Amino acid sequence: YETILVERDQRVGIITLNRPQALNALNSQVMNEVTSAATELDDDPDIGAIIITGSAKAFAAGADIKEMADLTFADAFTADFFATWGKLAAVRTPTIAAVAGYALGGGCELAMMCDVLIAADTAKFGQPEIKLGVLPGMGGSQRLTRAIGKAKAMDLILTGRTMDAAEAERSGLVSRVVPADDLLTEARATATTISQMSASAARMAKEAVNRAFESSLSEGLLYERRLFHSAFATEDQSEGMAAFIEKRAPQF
């Protein structure tokens, strides 16, 4: 890959954005490579969790503007610009965004696509898209609002102001804030814990949670209960519960 770095430690895949000269600005190539890698990581039975991170300076500053600069409606509708990012949301195993420094525009949206979001105390989030005469194109208006409320999302998206790690955390945007130097350590310790869970259980858990955004509460409750019933058809449930009863450790 030209624009990213991928490594595997045990059951944790790690995708690192790698365009240091452009503060990891997202672009068509990053979109394709990150999705390709995660997809591949998703299909690997030896991987139980996936981390997406950038540099200590930048998770990702935003999309690459030169690419977008000369697109007509026609070009956009035709390529279905940005659509391919959807592939990341379709990944079945848990994804963890480890965010340091700038996560702006596409960058912030990328991080919101992940399931779990760990932020360095230096993290900075934003949706400055409106400054360019456009608006978020990667789910920002949708996922931000749902995380932090209309008042704050409207503020960020209409002004372009940034939000610091502490505000993000108390607002609903991130799971946890840690010291910038521990980011990758915590993120990996977190991915480790998750990849160590039953693979089927974690994939069901994650799917269940995602349901909370796609229907009414009554339907989400029903979905979850049926998925819950299903878990009892898996070997992992039987072992997981026997181990607890036998005050021992679960071996999946």
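All residue numbers are counted from 1 along the displayed sequence.
Undergrad: Please compare 103 to 111 with 177 to 185 and say which has the higher mean C-alpha temperature factor in the record.
TA: On average, C-alpha B-factors are higher across 177 to 185.
Undergrad: Where do the C-alpha atoms have the higher mean temperature factor in this entry, in 79 to 87 or in 140 to 148?
TA: The entry gives the higher C-alpha B-factor average to 79 to 87.
Undergrad: Among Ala63, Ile52, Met204, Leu221, which residue carries the highest C-alpha B-factor recorded in the PDB entry?
TA: Comparing C-alpha B-factors across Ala63, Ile52, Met204, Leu221, the maximum falls on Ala63.
Undergrad: Among the modelled residues of this chain, does the Cα B factor of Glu214 put it in the lowest, middle or highest third?
TA: Lowest third - that is where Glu214 ends up once the chain's C-alpha B-factors are sorted.
Undergrad: What third of the chain does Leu117 rank in for C-alpha temperature factor, lowest, middle or highest?
TA: Lowest third - that is where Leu117 ends up once the chain's C-alpha B-factors are sorted.
Undergrad: Would you mind ranking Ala74 by its C-alpha B-factor against the rest of the chain and naming the third, lowest, middle or highest?
TA: Its C-alpha B-factor, which the entry lists for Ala74, ranks in the highest third among residues of this chain.
Undergrad: Splitting the chain's C-alpha B-factors into thirds, which one does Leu41 fall into?
TA: For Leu41, the deposited C-alpha B-factor lands in the middle third.
Undergrad: According to the PDB entry, is the CA B factor of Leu227 in the bottom, middle or top third of its chain, that is, lowest, middle or highest?
TA: Ranked within chain, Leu227 CA B lands in the middle tercile.
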